[PDB]
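Take a look at this single chain in structure tokens; it is the form deposited in one PDB entry.
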């Protein structure tokens, strides 16, 4: 299938074991920003659900399907590939909705749905939006969508901004300098210091931060889920040109995302920006290998190229340069193995 062709088996096994846990479903469900905003977007756009056919992609415990039912949906198809499908079907029974919600265990790329739907709902966003590559399953599901159908979320925006954080940059070398000693219990470890440095810099840093470290208005890359094909997410080239608002050393790029539910009554926004209350997505920061000095008014231009891999994640190639000086830096990171720094 499409899913298996693009996914290494070992990665998929571990992936669906993770989401088979009720504690991980709970982790997502008790994030009020995530769960409250979905519910508010569905109910406030009730005319998009009333007496409609709905598809829920990766329903998990089924919480989003229940919101669709609260909005008057005629029939809801909830697809779930992990063993959580058993629990979702339990809740469908206990909430007396067996005539409205039909749980379908299996992968949305492999299961067989009977009819076309009026709207697809799903919560597939991961770290910097694209991690886990579930947006491709979300877009793949549009084979079941009527031509005049809708998508919730309708659009996703990933935001990129430069940041200064001397502490974070220096932290990488303080850790790596563990290896820079000539007699650790009699052993000279210093030959691995370089490898240890490179290891740390390949890890995106997941945590939050104060917005005062941002040095320029963010640049935005939009994916319209109603127009996009899943092939558009195999290679995502995000050019950026930052108009520096502050002078200082730029240590890397910070990432966050927004999604929007463009309904017939209104549009509702779910944001994970650092100017908003913290969510379980946090934010993501990728360091440059060497910082770049930029004056307020200078332009920092470059590209962020996200290349999908068979581990359900991305390799992140960043290239940046200060146009007015030519000073240039770069980095190559592995989003599948981030460093969780939040405390």
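Residue numbers count along the first chain shown, from 1. Just so we're on the same page, rigid core means the largest C-alpha set that superposes within 1.5 Å between forms.
Averaged over their C-alpha atoms, the temperature factors of 79-87 and 170-178 are higher for 79-87. Here the stretch with the larger average CA B-factor, out of 88-96 and 153-161, is 88-96. Across the options 146, 251, 234, 140, the residue with the most elevated CA B-factor in the record is 146. Going by the entry's values, 296 shows the largest Cα B-factor out of 305, 292, 296, 69.
Split the chain's modelled residues into thirds by C-alpha temperature factor. Residue 57 is in the middle one. When the CA B factors of the chain's modelled residues are split into thirds, the value for residue 284 lands in the lowest one. Placement of the Cα temperature factor of residue 317 within the chain: middle third of the modelled residues, per the deposited record. Annotation for residue 221: CA B-factor lies in the highest third of the chain's modelled residues.
Per the deposited record, the Cα B-factor of residue 275 falls in the middle third when ranked against the other modelled residues of its chain.
There is another form of the same protein, the form deposited in another entry; it is not shown, and what comes next is about it.
After superposition on the rigid core, the C-alpha displacement between the shown form and the other one reaches 2 Å or more for just one residue among 211, 266, 187, 245, namely 187.
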